[PDB]
């Protein structure tokens, strides 16, 4: 009933879920685990939604466009408060809720594989930490590492792999930057370097960016959704809590327009958030090209503040709090569901299954799937790294989930600009595919000895958790036995490849 889309705060497992993960078959014990997690909850990415609505508020106040002076005061208080809170935290930065999400995930990662890690501490095993290099990803990982270390009494602190390209020389010193697997959607890397032309990583990012920038199905479908009459009706319905009918009628008639500038006009300057140091926090300055032209723009901007306000829960104290939830109560939650669809649709079409007949939107995650299998192989073939813990982005998780065919990401939309992705015709939701701190974890077990039905060793087996729910792999994959969520590593190398073939009976133990 709250409709936070992919700003949904992570929902940690209850002690029932966390204690009922399936046991591996008799004879199999842990040898490896790994993860990729999105950063946790964050503040606003830049001075933009809050900036534009303040410009709109200024004009509404001048023109008598608020429904009352108390509603005006409350709206401006809410805008000022969340802006102030982002100046204080840093635009784009992890919040307290986001740190707590990753602390708990880290604690539970140690606990789920306690025997693996206690053995690693006694036998010289190593743990590898990786980040895209983006601050909120690295800081998420730092909090995971803190929770992991606290749960294990610090007994693994001396078993961390030393990065050759650390995210920073301070709290992030344990994090190897790996933007080829954790930032494969862009040529530019978060640390300010770029992928090198001609590398596989550069070509993957470059081809993807060129595809999405020019694809007519994606562009037409997003246009259909942006101009949908029910989205416009929802936008008006929401905004009428705050602004008068006359004010909104003028906006509907194109008589108002606001740019993200000092005075909301086209000739205004770059405006930075009040009290921000643009050299310390450049994201506190807005892109002047952003604008409110419609009720749709304004309502989607307000919805974005509501959902990020949930991410900023821990910051929402003191004398400049914000109460955007007040605008999405009762029947206005129906409006929130419309805005969540519009926001989800952009992500779905650009980074998820998207439309039928193409795999460009999610094939970009192949380097991460490659690494998920390659780091298992490194361990089974005699390496000492017992875990690889990775921290990244929604732009990592959405294509990865579609490439793997995870629950929620199994349905492409029609190859159509009018029969588009909707909540009625697709299971994809930001709140469940890629909440804040969304994560995929794989546990790998093995049986000692020589398999007398082959010449060599028993095949390692693999089990997946998605947002800490144990899930099967995609339906083409055959588990090791009836009733099992464990899969042979050989089976996964076959059934997760493009053909999705199964080894059939040879997948059974």
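Numbering follows the first chain given and starts at 1.
The mean C-alpha temperature factor is higher for 164 to 172 when 164 to 172 and 88 to 96 are set side by side.
Judged by mean Cα B factor in the deposited record, 311 to 319 ranks above the other of 311 to 319 and 392 to 400.
Residues shown: 123, 335, 297, 347. Highest C-alpha temperature factor in the entry: 123. Listed residues 41, 454, 35, 484 were ranked by CA B-factor as deposited; 454 comes out on top. In this PDB entry, the Cα temperature factor of residue 227 sits in the top third of its chain's modelled residues, the highest group. Remark: residue 63 belongs to the highest third of its chain, ranked by C-alpha B-factor as recorded. Residue 379 sits in the middle third of its chain by CA B factor, as recorded in the PDB entry.
Compared with the other modelled residues of the chain, the Cα B-factor recorded for residue 273 ranks in the highest third.
Residue 23: CA B factor lies in the highest third for its chain, per the PDB record.
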